[PDB]
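Protein chains in written order, with full-length UniProt numbering: chain U, 689 to 728; chain B, 729 to 828, 853 to 1068; chain Y, 923 to 1162; chain A, 1117 to 1162.
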Amino acid sequence: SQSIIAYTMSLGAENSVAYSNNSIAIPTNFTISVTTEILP
Amino acid sequence: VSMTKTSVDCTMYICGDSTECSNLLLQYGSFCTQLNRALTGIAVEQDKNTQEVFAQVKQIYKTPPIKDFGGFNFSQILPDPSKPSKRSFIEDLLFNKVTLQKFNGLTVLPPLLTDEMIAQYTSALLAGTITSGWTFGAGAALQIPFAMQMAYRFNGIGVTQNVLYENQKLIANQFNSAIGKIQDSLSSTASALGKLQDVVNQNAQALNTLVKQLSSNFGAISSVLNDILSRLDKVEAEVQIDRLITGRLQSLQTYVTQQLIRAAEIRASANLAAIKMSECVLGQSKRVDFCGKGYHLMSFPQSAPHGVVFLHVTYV
Amino acid sequence: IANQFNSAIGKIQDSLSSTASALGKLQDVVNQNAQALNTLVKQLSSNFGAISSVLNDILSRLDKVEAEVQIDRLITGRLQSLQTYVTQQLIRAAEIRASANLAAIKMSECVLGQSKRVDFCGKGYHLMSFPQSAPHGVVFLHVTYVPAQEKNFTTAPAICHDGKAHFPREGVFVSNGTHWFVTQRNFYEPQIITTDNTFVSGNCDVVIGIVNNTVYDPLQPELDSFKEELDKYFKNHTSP
Amino acid sequence: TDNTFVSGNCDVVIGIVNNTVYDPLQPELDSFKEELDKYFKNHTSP
Ligand SMILES: *[C@@H]1O[C@H](CO)[C@@H](O[C@@H]2O[C@H](CO)[C@@H](O[C@H]3O[C@H](CO)[C@@H](O)[C@H](O)[C@@H]3O)[C@H](O)[C@H]2NC(C)=O)[C@H](O)[C@H]1NC(C)=O
Ligand SMILES: *[C@@H]1O[C@H](CO)[C@@H](O[C@@H]2O[C@H](CO)[C@@H](O[C@H]3O[C@H](CO)[C@@H](O)[C@H](O)[C@@H]3O)[C@H](O)[C@H]2NC(C)=O)[C@H](O)[C@H]1NC(C)=O
Ligand SMILES: *[C@@H]1O[C@H](CO)[C@@H](O[C@@H]2O[C@H](CO)[C@@H](O[C@H]3O[C@H](CO)[C@@H](O)[C@H](O)[C@@H]3O)[C@H](O)[C@H]2NC(C)=O)[C@H](O)[C@H]1NC(C)=O
Ligand SMILES: *[C@@H]1O[C@H](CO[C@@H]2O[C@@H](C)[C@@H](O)[C@@H](O)[C@@H]2O)[C@@H](O[C@@H]2O[C@H](CO)[C@@H](O)[C@H](O)[C@H]2NC(C)=O)[C@H](O)[C@H]1NC(C)=O
Ligand SMILES: *[C@@H]1O[C@H](CO)[C@@H](O[C@@H]2O[C@H](CO)[C@@H](O)[C@H](O)[C@H]2NC(C)=O)[C@H](O)[C@H]1NC(C)=O
Ligand SMILES: *[C@@H]1O[C@H](CO)[C@@H](O[C@@H]2O[C@H](CO)[C@@H](O)[C@H](O)[C@H]2NC(C)=O)[C@H](O)[C@H]1NC(C)=O
Ligand SMILES: *[C@@H]1O[C@H](CO)[C@@H](O[C@@H]2O[C@H](CO)[C@@H](O)[C@H](O)[C@H]2NC(C)=O)[C@H](O)[C@H]1NC(C)=O
Ligand SMILES: *[C@@H]1O[C@H](CO)[C@@H](O)[C@H](O)[C@H]1NC(C)=O
Ligand SMILES: *[C@@H]1O[C@H](CO)[C@@H](O)[C@H](O)[C@H]1NC(C)=O
Ligand SMILES: *[C@@H]1O[C@H](CO)[C@@H](O)[C@H](O)[C@H]1NC(C)=O
Ligand SMILES: *[C@@H]1O[C@H](CO)[C@@H](O)[C@H](O)[C@H]1NC(C)=O
């Protein structure tokens, strides 16, 4: 049942932002992320 | 940011509908593939440049249906739902101000991101900015009120946050007037988008140049392949046709050298456009004159044919 | 923070150990070097319309002048095969030079320093980065602080306490819905709004969306407890 | 004193000038001396 599907690519999740003239989100906690970057 | 992808049938360009010219072209072997690998290498990269510039965010942020951006009026740069492509007001100026071969084997391949997908990524970056500040770069988007965002901004240029709040009406009225002057300016000046138009003009001039080289004799008795074949034998035809194969292959090796060199100019501009996307849009720069003149407060990206426009907002 | 760092370097080990994907950016350079020389070797096998690709099979068949008409073709086509390779290699050398000049800049700014440039040293807020060598390249392990668990709060640009408008020296004002605090912009850690945490300008009429709360003064109860010390000195002196 | 910070004596700083500097602790203690002064005056009365 495997096949080559073809599709319009998704650019990312759709995500409305809860903006109001007196509302703010602030992080209670964090993560430390190590990421790799490669250059010739 | 990018240029037109171009791909060529080296056989149809040199030798269209002649087996004889094909058999003489085999005497030169792999050169047609070497050219096609190079034009493919260019063409693939054009997607990469556009991906590095516009695809910097992996969530499509959307503006709230209500607008209370502190008196700042982004209606001139946000999406307009009334339209057949969901681009902004100022983007439809840009898509008009840039004004933009088949039978010779020359073909223009489509970009991976359609001008709709570029309108989506542009809107996501702008909606991210006016609702979420720097935080939509550095993590998940966190909301902040726009007058509070502008306070944190003023502190970024070493100005005290009360210098905003004691003047917020004036600061918005200046912003609203300035964006009006962007619209008025872009209707007025023809040189404005000149960089983008000069890129289109060069890629177009080179294809029309490459086509017109098909008319050159290269010291043959005719440019027309069947004028040579119809009146001559296998020996005298091979002499004559081998000049046309020489000249036309030299014409492709010229076009592809130019297009490779020109692709490096577009690459250098695309990486600069990706840096200004990260450092002027996803953040607020301390670099003097990097994100337009003044002290930098913020920037809004807008899409254009093969390019990007930044609206940079500065305290002077 | 140390455990999350040690965890994250562990995910770098496991990621690069598990699947052969990430280093494609170096492999595509090594491959274009090999492919270009391999192509340049194959071009020798072309005739350029001469009776052979093999120079000795021209020379050991023809004389000194019937050969020239062939050998000059091979010299011509071969020399154009070198000029094409050397052009591609120069144009390529610019791609690598550019990349190297960026790698030198990223070393200078993300390794020998700390960068305030957004996303330039990896996505997040840049803490620091570690260089690692790789065949014909460099790998940077960028270490970044990433905000993870947000709460929504209500906020106001200013507090009015005594007809005067107050603002944070650092941070932003927030309410849990019942009380008001000041906190640093990038990590929720609330503090009671004091005259030390805040600074003043102007009066309440100007700032759009200002709100009302007490502001604490840490000098006051220290003097008030000096007034209650003073009251017990005056009272005792009425006693004798 | 809340706007400023203090280092050494005045010989070294080329182009330094003389003026008053307000300490906002002072009248907050001076009012607290007059109140105290009132306490003593009223305590002379009985
Ligand atoms: C908003 O944040 C406030 C500060 O954390 C919080 O108020 C605080 O609530 C605790 C109880 O949950 C009180 O703790 C004291 O309670 C009595 C006081 O007599 C003592 O017996 C206890 O041992 C303890 O010391 C705090 O006194 C109180 N702080 C203030 C300034 O009132 C609110 O509850 C938070 N609001 C919401 C909706 O979560
Ligand atoms: C924030 O705190 C302020 C100070 O308490 C408060 O201002 C006060 O608001 C009331 C209600 O409008 C006014 O009440 C008087 O208004 C007029 C005279 O000004 C009279 O006709 C009325 O009968 C009544 O006596 C106060 O005068 C006013 N005080 C000042 C100094 O302006 C704000 O309303 C508070 N705001 C919020 C949102 O909490
Ligand atoms: C700023 O304030 C300084 C402190 O008042 C003041 O310094 C004083 O200047 C006078 C005159 O130059 C000196 O007067 C004495 O000079 C010698 C001793 O050095 C004696 O022979 C004199 O009779 C006289 O008493 C003060 O000694 C000196 N004090 C200090 C601590 O420097 C500056 O001159 C003032 N400058 C301006 C621009 O106002
Ligand atoms: C943060 O808040 C937003 C919206 O504001 C809140 O709306 C109420 C529900 C209440 O919590 C008020 O105190 C706030 O003013 C949340 O957005 C909602 O998200 C859900 C999906 O989870 C969606 O179905 C609702 O339609 C959204 N409504 C609104 C008005 O935004 C958001 O989820 C909260 N985020 C976090 C992480 O707490
Ligand atoms: C911040 O997030 C980390 C995880 O990223 C939390 O650490 C975990 O805490 C739970 C218990 O609450 C433990 O079971 C895990 O073993 C912890 N993980 C690590 C890596 O130690 C941390 O507790 C959170 N802190 C706050 C204040 O929310
Ligand atoms: C934001 O500015 C735009 C103009 O750029 C305003 O839109 C105009 O509104 C008037 C009055 O309703 C209309 O006559 C125009 O036709 C509108 N122009 C466009 C292009 O839509 C808009 O009203 C302003 N927003 C606010 C909040 O003041
Ligand atoms: C700062 O400059 C602005 C203009 O750049 C001044 O705003 C104008 O003020 C005059 C009256 O003095 C009004 O007629 C204009 O309509 C105002 N323009 C705008 C866009 O609001 C402002 O007054 C100056 N402020 C100070 C304190 O000098
Ligand atoms: C915030 O918006 C509400 C409407 O939702 C309005 O009544 C209020 O006056 C606004 N306050 C500020 C500070 O803009
Ligand atoms: C008042 O203070 C004196 C010492 O100064 C002490 O001897 C006396 O017991 C005190 N009286 C009272 C009522 O506490
Ligand atoms: C400043 O310049 C003037 C001459 O215009 C000179 O007399 C004076 O001593 C100078 N002051 C300082 C502190 O250099
Ligand atoms: C003087 O002190 C007495 C208590 O000893 C007090 O009742 C009175 O109010 C005071 N008068 C003044 C003018 O402060």
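Ideal Cβ positions, reconstructed from N, Cα and C, are used throughout, including at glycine.
Going by the CB atoms, is the gap between residue j and residue i shorter than 7 Å?
i, j, result
"Y/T1117", "Y/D1139", "yes"
"B/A1015", "B/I770", "yes"
"B/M740", "B/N955", "no"
"B/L858", "B/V736", "yes"
"B/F927", "B/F800", "yes"
"B/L752", "B/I934", "no"
"Y/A1080", "Y/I1132", "yes"
"B/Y1007", "B/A958", "yes"
"Y/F1089", "U/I712", "no"
"B/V1065", "B/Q1054", "no"
"B/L821", "B/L763", "no"
"B/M1029", "B/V860", "no"
"B/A890", "B/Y789", "no"
"U/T716", "Y/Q1071", "yes"
"Y/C1082", "Y/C1126", "yes"
"Y/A944", "U/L727", "no"
Going by the C-beta, is residue i closer than 6 Å to any heavy atom of ligand 3?
i, result
"A/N1134", "yes"
Using 7 Å as the limit for Cβ to Cβ distance, is residue i near chain B?
i, result
"U/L727", "no"
"U/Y695", "no"
"U/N717", "no"
"Y/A1025", "no"
"Y/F1089", "yes"
"Y/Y1047", "yes"
"Y/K1086", "no"
Is there a Cβ from chain Y that is less than 7 Å from the Cβ of residue i?
i, result
"U/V722", "yes"
"A/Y1155", "yes"
"U/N710", "yes"
"U/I714", "yes"
"residue 683 of chain B", "A question about residue 683 of chain B goes unanswered here, because the residues of chain B that appear run from 729 up to 1068."
Below 6 Å, is the gap between the Cβ of residue i and the nearest heavy atom of ligand 1?
i, result
"B/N777", "no"
Between residue i and ligand 7, is the CB less than 6 Å from at least one heavy atom?
i, result
"Y/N925", "no"
"U/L727", "no"
"B/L922", "yes"
Compute every distance between the C-beta of residue i and the non-hydrogen atoms of ligand 10, then say whether any falls below 6 Å.
i, result
"A/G1131", "yes"
Check whether the Cβ of residue i lies closer than 7 Å to any Cβ atom in chain U.
i, result
"B/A893", "yes"
"Y/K947", "yes"
"B/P792", "yes"
Tell me whether residue i, by its Cβ, gets closer than 6 Å to a heavy atom of ligand 5.
i, result
"U/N717", "yes"
Taking 6 Å as the cut-off, is the CB of residue i close to at least one heavy atom of ligand 8?
i, result
"B/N801", "no"
"U/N709", "yes"
With respect to 6 Å, is the separation between the Cβ of residue i and the closest non-hydrogen atom of ligand 11 below this value?
i, result
"A/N1158", "yes"
At a cut-off of 6 Å, is residue i close to ligand 6 when judged by its beta-carbon and the heavy atoms of the ligand?
i, result
"B/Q804", "yes"
What are the residues in the stretch 909–935 of chain B lying within 7 Å of chain Y by C-beta distance?
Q913, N914, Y917, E918 and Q920
Of the residues that make up the stretch 968–985 of chain Y, which ones have a beta carbon closer than 7 Å to any beta carbon in chain B?
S968, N969, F970 and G971
Return the residues of the stretch 1055–1073 of chain Y that lie within a Cβ-Cβ distance of less than 8 Å from chain U, sorted by chain order.
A1056, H1058, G1059, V1060, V1061, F1062, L1063, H1064, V1065, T1066, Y1067, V1068, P1069, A1070, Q1071, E1072 and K1073
Can you list the residues near ligand 1, meaning Cβ strictly closer than 6 Å to any non-hydrogen atom, in the order they appear in the chain?
Y/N1098, Y/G1099, Y/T1100 and Y/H1101
Name, going along the chain, the residues of the stretch 996–1014 of chain B whose beta-carbon falls closer than 8 Å to a beta-carbon of chain Y.
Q1005, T1009, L1012 and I1013
With 9 Å as the C-beta to C-beta threshold (strictly closer), list the residues of the stretch 808–822 of chain B near chain U in chain order.
none
Any residues in the stretch 764–788 of chain B with a beta carbon nearer than 9 Å to a beta carbon of chain U? Which ones, in chain order?
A783, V785, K786, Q787 and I788
What residues does ligand 4 have around it, judged by CB closer than 5 Å to any heavy atom, in chain order?
U/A706 and Y/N1074
Contact residues within the stretch 740–756 of chain B, judged by C-beta distance below 9 Å to chain Y
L752, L754, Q755 and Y756
The stretch 1119–1135 of chain Y: which residues have C-beta closer than 7 Å to a C-beta of chain B, in chain order?
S1123, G1124, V1128, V1129 and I1130
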